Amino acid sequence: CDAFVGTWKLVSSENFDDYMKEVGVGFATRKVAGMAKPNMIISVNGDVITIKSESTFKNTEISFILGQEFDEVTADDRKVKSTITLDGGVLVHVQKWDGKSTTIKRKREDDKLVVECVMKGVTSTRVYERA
């Protein structure tokens, strides 16, 4: 994946509070996270992909190789087992913790980067555009 490379700003978000709630995010965290308009910076150095998220809420960063499981501390402080693959141009990211699972799909659509977050019956869609 490298059509994903760049700096991306959040411009729209749907159902993100519902999603965080379903994931188990406490109210105090949802409040600040929900108002957040993060900048997402994606870069690639060989087989290592780095995704940063910067906002007044929290700075986070993951570095990974496609198809190799890694430990992630999420923005909401979950300790999860993450695996990311590239599937028909789609970056598919699964987080597993406590017998639960959530999926984040990042895809390129026109000049948008579209992020779909799924937890149980809840689907949240977030759109980023180049900074």
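All residue numbers refer to positions in the sequence shown, first residue = 1.
A summary of the deposited B-factors shows that, of 14-22 and 105-113, the stretch with the larger mean C-alpha value is 105-113. As recorded in the PDB entry, 1-9 is the stretch of 120-128 and 1-9 with the greater mean C-alpha temperature factor.
Highest CA B-factor among the listed residues (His93, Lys37, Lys81, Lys52): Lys37. Of the candidates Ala33, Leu66, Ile42, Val73, the PDB record gives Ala33 the highest C-alpha temperature factor.
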